[PDB]
Structure formats: C-alpha cells, structure tokens
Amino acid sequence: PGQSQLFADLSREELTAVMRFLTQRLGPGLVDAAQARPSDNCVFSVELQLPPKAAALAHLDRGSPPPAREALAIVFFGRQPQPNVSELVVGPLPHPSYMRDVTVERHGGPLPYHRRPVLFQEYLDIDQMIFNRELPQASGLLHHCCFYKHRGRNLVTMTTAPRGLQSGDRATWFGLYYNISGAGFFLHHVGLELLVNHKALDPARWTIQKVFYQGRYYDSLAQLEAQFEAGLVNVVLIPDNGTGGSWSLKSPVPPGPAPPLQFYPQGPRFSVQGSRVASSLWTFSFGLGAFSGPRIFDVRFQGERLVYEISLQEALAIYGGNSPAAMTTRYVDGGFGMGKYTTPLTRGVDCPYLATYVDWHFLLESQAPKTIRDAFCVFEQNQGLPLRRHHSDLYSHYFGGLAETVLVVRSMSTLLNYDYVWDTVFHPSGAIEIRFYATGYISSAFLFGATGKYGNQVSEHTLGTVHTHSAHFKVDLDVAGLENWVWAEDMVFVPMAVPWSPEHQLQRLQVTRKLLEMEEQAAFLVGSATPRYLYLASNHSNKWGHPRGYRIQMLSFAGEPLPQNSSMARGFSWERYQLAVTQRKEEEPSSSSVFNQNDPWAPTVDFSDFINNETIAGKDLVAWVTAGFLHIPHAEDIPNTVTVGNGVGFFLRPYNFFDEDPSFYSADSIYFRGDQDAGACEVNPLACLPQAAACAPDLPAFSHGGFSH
C-alpha cells in the first residue's frame, strides 16, 4: 500500500548532497573536521533524521504520501565570541533545498561547546603536547623503565570516562601503554597516567595538572625526573616483549579438520534489498545510528506489525581501580558512537560463511562519505534445537515436531578494547530475541598495591579492573495498534481447605493480574520485585477473549547502578531501571545523547524525565529495557573476553496475541503416525534429503572489508 523505504540510512550521494548544501551556507572558514582546531567551524556529522511516526504510519498503513526524507547535521561553531554546537536539519533529500536549526527547539538553549566529543585532531594535538613537550622532560626515567628513545613513539595513549569533576570540565586521564604490534596494547600499561586539561581553544594553553607513576602522585613530569635522578623513586621494570595470550593473538597451533558448515540446500529463504529484509514470516528495516547504534523498524510477522522501532540507545561501562584512570572511568560509549565505530564482519568468524553481508555509509569527522564494508550480516541459522516436538507412545502412536531455524541480524561496535556484538533474532513462533555480547580485549591497569578490592591479576604487572556493563534499548511495541495497556501477571499461593475433605489443607495455586495505569507503576528499579509476566496489550482481544499481548522477559544479571548520590549519575539515569514504560513522544526520541559523556553533570538528556506520572492506560506506549552485568576480569579473559555466558538482553513473546501457535502452519514441520513409513518421502520430507536433494554450494572466495587509515 505504502511501499517507500523511509527508515534507510543515507547513501553516499545523499551524504555528499547534504555536505554540498552545507558548505555553501555556513560560509566564512568552514574547516574539514579531520583537521579542525577548537576555534574552527566544523561539520562533525551528517546522518539520517528519522521521520515522525504519525506521518510514517499514514504512509505505510493508510497509503498517504511519505514524509520528507531529511538529514541531521552536527556543527561545531568554534570561530565565534561564544562558541556552540548546533544541530541542523536539512532536506528534502535527494536534492536538498532547506536547512533548519532545531537546537533550541530540542534543548531549550544553545549547546555548551565542551559537551562536544573530542575530535581525531584533538586527540593528535594532545598526543603532541604529550610526546613532544612533556615525556621528554623525563627521558631519564623513561629510558630506564620503558625503553624510550629520543621521543620515538614506542608508547601509546588511551582516553577515559568523563573528563573532569564538574559541569564545564575538559580534563582527561590518559594511560600510557606499549604500542604492541599485531595485538592488544591494553594489557601493557606502564604505570604512567597523565591528567591532561584541554578545555582551552588554544592547544598551547593546555596544561598537565597531575601525574601518577606506579602508585605515586607527582605534580609534573619535572618532579618525577627530579626524584628519579635523586635515586628517590623505586621503579618497577615492565617488559615490552613476551609470548602467549598477553602478547600475541595468533594461535601457535596448526589448523585441524574443519568446523561444521551451514548451507541452504536449495537457495536462501529470505532476501535483503536495501535496508529491508523479508522472508516468508518476517519483514523489517535495519539501520545504524552514528551514535545510538543498530536499529530495526517496522517489524511484521505475517503482514502484521508488532514494533515500530527497536533500537540501541546507549552503552555504559563503570570501572573501579587503584589508579586515577580506572577509578574514575565511567564510559558513556554513545559519545564516541556505536555506529561511528562499527567494524567489518569477518566472514566465517563473526557470522556464518554464507551469511549475506551489507555495507554501511557515513560522513563523520570528514567532508566526504566513506563506507564500512560488511558492517551487517543477515542470515538464517539452524539452531540445533527443536522449536517444538511431541512423541506419543500413549494410546496412539504419532510424532509431531519442527526444528528451530531462526533469522539473525548482527552488527559489531569495536570501541577501544571492547568488541560489542549486537544481535536481533526472529523466531518462527513470532518471538523476537535481542542479545548483546561483550568480547575483545579488557582495559587494564598496572598491578600495584591492594588489587583484590579492584580486580584480579591476569598477566604479569596487569590488573584486570572490575567494571559493570549496561546497555539500553528502546522497544516501541504497537500491539495490534498504537493504543496499548500494560499488564502484570504473577502467581500466589492461598492456603485453603480441600473442598472435599475439610480436615485437610491445601496450598491453592492462583494467578494474579494487575493493570499498571501510571508511568511510575511500570518503572522497575534494579534489584526490585519484577512481575513474572509483564506485557503490553491491546484493548482488542483474541479469539478466546484474552487481550492481545506481547510479553517482555528480561535476561540481565545487572550490576549495581552508580549511586544516585553521584553528581554525574543523571547522565545515565537509565541504569537505575531494569524496565520502564512511557508514553511515546516526538520530543523523547532517545534515552541518551552523544553530548552526555563530556558533561554528565549537566546532561543533554536525563532519561528519568520520561517517567513523570502520566497514564499508560490505552496510549502509544514505549518500553525501555536495560540489560547488563558485572565483570570481574580473570585469566580466561586473556587474550579476549569470551562470549559464552556473557549474552544479555530480552525476549518479546506473544501472549494471547494469536489464537494458536503460528508455527502450526510451518512448511518445515514434520509429522507421522505409527502406522506409516517415516522413511517415505511422501510421508516425511526428511526421508528425501539423502537421495537426491541438494549438493552443497561452491563458496565465495574469502575477502575482508579492511581497516581505517
């Protein structure tokens, strides 16, 4: 009816077109982001502006004309007497002709300039101040401890956390580490940690305001030499070569027989075309925000839409430690960007070999579109489980089952050391499983002092620092329509007398159903009682009279939220909740904000604002889910944290939404009575895989979508 693809990310043309539009009317002194100074004017990002929902649905459902495709741009305006970041909407694509400043509309005033993310340039300007005007003042020490030459670069920095202690601060603790080659630098901290202040717009004005060496705090790298020279510093010598997991990543073992391989014996059974995937049961668009990360829209099971949007909103990591970097590190990874940092998927490792892979395009900190090759994979997996089965020996004498095969969509953000895997998986039953693994390397500190309270030793000199991971997701169900209710069902035992034997007691198992009517009644804090059955449902009912529902079951071992006493906790208020449900809104598009990380004491978005007692009885509702877990690192996280058991997320499960299990109708289901031949091709499809069905494809030659330079 409405056949447009209005959820798709911008093409290169589209991106270019918007850049050209902007170039022209920003004007006096627009610099390329990739070399911008603080005092420059800069285009930080250009990406899709999502359509408003009312119009989108009108188009898709009621055949109306589609809304204007627009793009949003972030502009650092540094070349003024009162710098600002600005958000600018630009359309209508593909040939734009207007531009609108929506900053004060969305934020209520101008964006203070320090909120802006640190630029690639800014990182380089810092690393010069470090390696040219600072480390030099301590070649004595460094020649001694850390194999340092002239200046040379054998070391390497890495950033942290918020940057400072107050709204307004821009001061980052940087750890120093050996530039290892072909493997992870994060394990090889050298015990040096500089607190670089960089608020000023003139990099010359940038001071170092504290030093930390191997357990001790000094006021500068001068003092540090003074003492080292004065023999007054006991210095630990940390190697820069080694062998095994803390050094390498290459398995020293030769390839053995081949892992199992999965193929689609007579062609695939889904198809991807643009941002749009379609299979016999399922239909959806998939995307990728620069900063939010992955998203799917307009999901439909057999024609019927369940969810308008499911989308990553934020990712969080909270550290402890001995040493000022980690003890103060609260990463709000959106402020770097889960899209911006998405990475190629290595065919046969990150997804099955025959997955279909799909490029992503972007214009970030640049002036022309680039592309991450193979950023998404989509594939149909045979789970090795049945979805359902029943064997009957009792009375008759039949078998009926179906092997679960499933449809997956994956992307991976790789930020610093972390490799986040994001999955969404679509089940034949009509259920949707969201999963989030964390792999890759481990951020580490130099092992020194009271360890046990702050992690485990994992390699020599190497503390695996304790941290919590948490992720937030937006789940905008539209259960059989916009207007939804949320219900809480649970159990209870009521002690009673056996009706037919009143001497005796029995414990009466009962169901309990309560209707949650206000936003607060459906806001569940971490470590609180949570209804065993929580679902959103329609006013409409199914064929047996029960409300049509989708149940949210969580899979989270959430750590313990940063205490609310912390003046920075407003910057990730969503961590306090397991689950919340809120009235959907155009002014509440996101949980978080790329600007939250560099000023969480004065948040651009405070998710707790969304919970503001309003009815959730029969409105357009959106459910916000938090998933996460505490990580105390240990030896088996070397070289990499492994995915097994680190999976975390939620199901969306149909609860009296249908009138019966859709999989009853699967083409793949199997059935035979005891009185039949089950090794008969006409009774049973599986009887005729061997002769003569399907002959295993020739494989694409391997290839890889490479690295950023």
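The numbering used is simple: start at 1 and walk along the sequence shown. Definition used throughout: the rigid core is the maximal C-alpha set that superposes within 1.5 Å between two forms.
J.: Kindly name the stretch, out of 617-625 and 235-243, whose CA atoms are displaced more from this form in 8 other deposited structures of this protein after the core superposition?
T.: Output: 235-243, the stretch lying farther off on average in 8 other deposited structures of this protein.
J.: Between 219-227 and 388-396, which one shows the bigger average Cα displacement from this form in 8 other deposited structures of this protein once the rigid core is aligned?
T.: Higher root mean square deviation of C-alphas in 8 other deposited structures of this protein is shown by 219-227.
J.: Is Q3 a gap in at least one third of the other compared entries?
T.: Residue status for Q3: gap in at least one third of the other entries.
J.: Specify whether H472 falls into a modelling gap in a third or more of the other PDB entries of this protein.
T.: That residue is present in all of the other compared entries.
J.: Tell me which stretch, 455-463 or 399-407, has the higher mean Cα B-factor listed in the entry.
T.: Result: 455-463.
J.: So, looking at the entry's B-factor column for Cα atoms, which has the higher mean, 387-395 or 446-454?
T.: Going by the record's values, the stretch with the higher mean is 446-454.
J.: Comparing recorded Cα B-factors across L237, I434, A278, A623, which one is largest?
T.: Among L237, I434, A278, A623, the PDB entry lists the largest C-alpha B-factor for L237.
J.: Which has the highest CA B-factor per the PDB entry: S366, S181, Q521, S541?
T.: That would be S181.
J.: How does the C-alpha B factor of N656 compare with the rest of the chain: lowest, middle or highest third?
T.: As the PDB entry reports it, the C-alpha B-factor of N656 lands in the lowest third of its chain.
J.: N646: which third of its chain by C-alpha temperature factor?
T.: Highest third, going by the recorded CA B-factors of the chain.
J.: Looking at the temperature factor on the CA atom of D675, which third of the chain's modelled residues does it land in?
T.: Highest third, going by the recorded CA B-factors of the chain.
J.: Mind checking which third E70 falls in for C-alpha B-factor across the chain?
T.: For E70, the deposited C-alpha B-factor lands in the lowest third.
J.: By the record's CA B-factor, is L60 among the lowest, middle or highest third of residues in the chain?
T.: For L60, whose C-alpha B-factor we compare with every modelled residue in the chain, the answer is the middle third.
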